[PDB]
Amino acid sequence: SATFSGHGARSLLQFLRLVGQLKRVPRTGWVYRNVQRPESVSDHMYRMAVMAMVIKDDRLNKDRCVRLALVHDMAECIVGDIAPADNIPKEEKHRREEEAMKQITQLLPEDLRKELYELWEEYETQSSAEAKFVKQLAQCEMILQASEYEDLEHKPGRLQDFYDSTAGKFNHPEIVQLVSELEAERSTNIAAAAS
């Protein structure tokens, strides 16, 4: 084993406590931009999961998309939310999160360890159409939230850096249309504020 915490009720409860730490990991991107009361990582995954339900693609297993949305950032309960500004090399971030996912999932019975760990791997390696879709949900959810913070602050355009970072990251036809609509509305508000 790694540790010897067993696969009974005590470890299931501890798994749930670790998952609960996600409520107390603020999303670092917003922290570093001085957003007041920023969302948690679980807030972020929650809306992604709903987005997987309501943004259509008949070619995808949406049950799997929902599960991927709910599991993909789970390592952050241990690792925290590493942002670009933290300058952690991709390989190191991978190593930390993989080791964390091993620690987290080993608290579960073998069948559930396997499922959750394999969901995480599917997302990390972007090995499926479902994974690639969910990654675009993540980026879309982020820029939507950016626009929402700008609106709440009455500072249109303040969080432009987030939009710039999503350049050429979108290709799913439904998400592309959602993003175009979002950027149009936002840009309308920016222009309206300018006059």
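Each residue number is its position in the shown sequence, starting from 1.
Q: Do the C-alpha atoms of 68-76 or of 117-125 have the higher average B factor in the entry?
A: Here the higher of the two C-alpha B-factor means belongs to 117-125.
Q: Using the B-factors recorded in the PDB entry, average over the C-alpha atoms of 23-31 and of 165-173, then report which stretch comes out higher.
A: Taking the mean B-factor of the alpha carbons in each, 165-173 is higher.
Q: In terms of the chain's CA B-factor thirds, is residue 13 lowest, middle or highest?
A: Tercile = lowest for this residue's CA B-factor.
Q: Against its chain's modelled residues, does residue 88's Cα B factor rank lowest, middle or highest third?
A: Answer is highest: the recorded C-alpha B-factor places it there.
Q: Would you mind checking where the Cα B-factor of residue 58 ranks among the modelled residues of its chain, as the lowest, middle or highest third?
A: Within its chain, residue 58 is a highest-third residue by C-alpha B-factor, going by the deposited values.
Q: Would the CA B-factor of residue 148 place it in the lowest, middle or highest third of its chain?
A: Answer is middle: the recorded C-alpha B-factor places it there.
Q: Lowest, middle or highest third: which one holds residue 47 when the chain's residues are ordered by CA B-factor from the entry?
A: Its C-alpha B-factor belongs to the lowest third of this chain's values.
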